[PDB]
């Protein structure tokens, strides 16, 4: 579904672009949290997104293949699983994501 991909593309971008600057980080966390329909209870490291590709959608879990890099440059690749739902015609992220091979 194209609409789902447009929506989750923004979420994936936010997730994998935590900045280095502490003051920007506080706001970026709040921006990422805006995709959830809940406020997370209190970990991401500074990152840049290189590529993302929606691989499968099973039920209400979208699985992406994400290529990103930290700054510690090795390119990292992971599966990234996002639970989602819809309210009044608009998608939201329904739980914190999890990583897979």
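Residue numbers count along the first chain shown, from 1.
In this entry, residue 72 is separated from residue 73 by 4 to 9 residues of the deposited sequence that have no coordinates. Missing deposited residues between residue 42 and residue 43: 4 to 9, all without coordinates in the entry. Per the PDB record, of the two stretches 27 to 35 and 44 to 52, 44 to 52 carries the greater mean B-factor over its C-alpha atoms. Between 73 to 81 and 88 to 96, it is 73 to 81 that carries the larger average Cα temperature factor according to the deposited entry.
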